[PDB]
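K.L.:
model this:
(2 chains)
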2 protein chains.
Amino acid sequence: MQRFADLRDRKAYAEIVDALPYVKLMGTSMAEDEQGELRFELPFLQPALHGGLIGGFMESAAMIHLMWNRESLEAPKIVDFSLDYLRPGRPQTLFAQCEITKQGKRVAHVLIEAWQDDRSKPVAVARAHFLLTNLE
Amino acid sequence: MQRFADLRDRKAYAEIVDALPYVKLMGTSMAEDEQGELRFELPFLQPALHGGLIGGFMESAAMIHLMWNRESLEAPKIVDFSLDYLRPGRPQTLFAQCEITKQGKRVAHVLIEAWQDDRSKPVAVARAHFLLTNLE
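P.N.:
Numbering: from 1, shown residues only, chains lettered A, B, ... in the order given. Next comes the structure:
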């Protein structure tokens, strides 16, 4: 997975995901905002995903966010993941951004928010815990 | 989604999923056991899904289980979904089966267990709540 550290520094968003199944999951787009942690995009419309399920997307975003914000040693290990669907999705692109809440030496806690028009009224909010092997 | 009710009665497992992104998510297989609720299969090995993430799989299985066990009126709506990763996965095929716990008039509670060699020592267990429009 060395190519990762190589693709991060190169900001190769387009292909860094080309070879991960979240493009094979959706049409996720990916880039960075102003001083804000990594941000994701998905064309929430209908190539279609019925049921409006996004667990896979949310879960991988949280994983990617972690290894994008950390030492690309090995992929962190997920312990658990929870998701609440708050409101139906609209025919607008779906934005998502994660935040690392507590980050002890071996465990990182991630919060993922998915919204469209108002991040104050998110479409869904998720949370994930990962176990890390920080060589620190 | 009429074709669904048509594909259920026809037990067309192979293509019923051909047109849902959980084959585009993994190599999910699907069939039925003896008197036991629907059962799923995935070749848990590495076309690869690193991080061992399976949230998308688990979430869709629980959805599919619901509409397979219910009136194919419209797809049920998910409210929330939680997942715990209990043990690493082995180079064996991953089995998964859901069970409907409480099933009031408008809400169904689903439990999904994913295991390989011993369902007593599952790889992961999930839970999901759905809102239904049972015309009953």
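
K.L.:
for chain A, what's the longest helix?
P.N.:
Counting residues, the longest helix found in chain A (DSSP state H) is helix A:55-68.

K.L.:
Give me the helices and strands touching it, please.
P.N.:
strand A:39-42, strand A:77-85, strand A:94-103, strand A:107-115, strand A:124-131, helix B:55-68 (3 or more C-beta pairs under 8 Å, 6 or more residues apart in numbering or on different chains; DSSP states H and E). C-beta coordinates here come from the backbone N, C-alpha and C atoms, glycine included.

K.L.:
Highest mean neighbour count across these, which stretch is it?
P.N.:
Stretch with highest mean neighbour count among the helices and strands packed on helix A:55-68: helix B:55-68 (a mean of 25; mean count of other C-beta atoms under 10 Å in any protein chain shown).

K.L.:
So what touches the longest helix of chain A?
P.N.:
For helix A:55-68, the surrounding residues in contact (C-beta atoms under 8 Å, 6 or more residues apart in numbering or on different chains) are A:4, A:8, A:17, A:20-22, A:25-26, A:28, A:30, A:37-38, A:40, A:42, A:75-76, A:78, A:81, A:83, A:96, A:98, A:100, A:108, A:110, A:112, A:114, A:124, A:126, A:128, A:130, B:25, B:51, B:53, B:55-59, B:81, B:83.

K.L.:
May I see the helices and strands packed on helix A:55-68 arranged in TSV, with distance to residue A:13 as well?
P.N.:
TSV is the format used below for the helices and strands packed on helix A:55-68 (distance: least, C-beta to C-beta, whole Å):
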stretch	distance to residue A:13
strand A:39-42	10
strand A:77-85	22
strand A:94-103	14
strand A:107-115	18
strand A:124-131	21
helix B:55-68	21
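
K.L.:
Indicate which one of these is closest to residue B:134.
P.N.:
When the helices and strands packed on helix A:55-68 are compared for distance to residue B:134 using C-beta to C-beta, the nearest one is helix B:55-68, at 11.2 Å.

K.L.:
starting at the chain centroid, how far to the closest one?
P.N.:
Counting by C-alpha atoms, centre = their mean, to the nearest Å, helix B:55-68 is centred 3 Å from the centre of its parent chain.

K.L.:
any idea of the angle it forms with strand B:124-131?
P.N.:
Helix B:55-68 runs at 50 degrees relative to strand B:124-131, counting by axes from the mean of the first three to the mean of the last three C-alpha atoms, to 10 degrees.

K.L.:
how long is stretch A:41-48 from one end to the other?
P.N.:
Criterion C-alpha to C-alpha, to the nearest Å; first-to-last residue distance in stretch A:41-48 is 15 Å.
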